[PDB]
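Only one chain is included here, represented as structure tokens and corresponding to the form deposited in one PDB entry.
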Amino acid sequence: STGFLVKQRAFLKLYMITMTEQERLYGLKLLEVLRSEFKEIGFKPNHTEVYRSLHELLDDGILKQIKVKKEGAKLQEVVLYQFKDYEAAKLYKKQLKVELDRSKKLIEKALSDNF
């Protein structure tokens, strides 16, 4: 990298890991939660980057899919994620702290020099 701010694909993946930790969820719920958690700041992610994020985590080996059923009254079927390789969730979580830390210095530094 040239080491500028963290990229959205990364920021979202990290949030996926944090959320899997607390409750095994599926794509559109993850978005519901992120969207509303962030609706004051004005970050409005969309369902497909969230999905591409989860998807990458599968290639990374950090997550696995489990196909289960939902209770919308629709007898549908939903896809939850669960840790495959826990060590790699940790390692990914570590890399992003670094990235987010540099990112904090940059914005603060930028807010200082220019304002």
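Only the largest set of C-alpha atoms that superpose within 1.5 Å between the two forms is called the rigid core. Residue numbers run from 1 along the displayed sequence.
This next part talks about the form deposited in another entry, which is not shown.
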Threshold 2 Å Cα movement between this form and the one not shown for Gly42, core superposed:
no
After a core superposition, would you say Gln76 shifts its C-alpha by at least 2 Å between this form and the one not shown?
yes
Pair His55/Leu75, Cα separation in that other deposited form versus the displayed form, closer or farther by 3 angstroms or more:
closer
